[PDB]
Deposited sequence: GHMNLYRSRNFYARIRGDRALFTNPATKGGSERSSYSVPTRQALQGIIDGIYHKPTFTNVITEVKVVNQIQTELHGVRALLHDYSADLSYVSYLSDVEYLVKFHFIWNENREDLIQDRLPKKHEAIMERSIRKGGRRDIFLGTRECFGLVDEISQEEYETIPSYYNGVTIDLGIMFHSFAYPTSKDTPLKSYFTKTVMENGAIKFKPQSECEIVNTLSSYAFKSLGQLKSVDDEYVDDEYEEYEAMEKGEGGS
């Protein structure tokens, strides 16, 4: 098959988060867009594309209100386990000389381990996230509050089209099975808006 990095696993924690529908209060769980932003914050170069395949929602979904009434609903006390990998960016063949698997996998590993190359945000400039590396064994065994049930989380924003033409948004039916949410390719999203 085409080049694919090893699977990487990251744990993301935050006291507060705000995951929104930018093509319209927080969704109850991260969107693919939000997770993409988190993982890219750990390490990204246009040579490669980070591909988020699954997230585990570890803690009970809780929100809290902030604002005035004559309004902002944030998630509270969140923990996500993210499974992802990278592939070479087909849209940047001009960077083909930098497609060095050992180099990028080493940097990714180091980057997750140190908590990311950049500050990690969970939806606002005040919602900081904390990233650390977990093993596949840990990804598989850390208990989720939602283990035992499967829950329809409804239609959620997936991502914007990429990469002139009007901006298209993709949305997806979102099911959380024993705390785990898988992310389908943009091309499989049932709902598209321009």
* Asked: Which ranges of the deposited chain go unmodelled, in order along the sequence?
  -> 1-3, 28-33, 80-89, 183-185, 217-253
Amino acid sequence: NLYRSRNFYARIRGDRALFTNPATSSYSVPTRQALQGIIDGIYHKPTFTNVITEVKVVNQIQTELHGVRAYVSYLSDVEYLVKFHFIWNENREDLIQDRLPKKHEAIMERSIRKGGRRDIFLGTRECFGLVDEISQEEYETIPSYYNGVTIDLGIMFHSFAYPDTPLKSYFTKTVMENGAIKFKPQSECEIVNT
From here on, numbers count along this sequence of modelled residues.
* Greater mean Cα temperature factor according to the PDB record, 181-189 or 6-14 -> 181-189
* **Stretch with the greater mean C-alpha B-factor as recorded in the entry, comparing 146-154 against 123-131** => 123-131
* Asked: Whose CA atom has the top B-factor in the entry, of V51, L65, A34, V55?
  -> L65
* Structure fact -> Looking only at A106, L75, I87, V82, the Cα with the top B-factor belongs to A106
* Third of the chain's Cα B-factor distribution that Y162 belongs to, per the entry -> highest
* Consider only the C-alpha atoms of the modelled residues in this chain, order them by B-factor as the entry records it, and name the third containing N59: lowest, middle or highest. => lowest
* Structure fact -> Assert third(CA B-factor, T174) within chain per record equals lowest
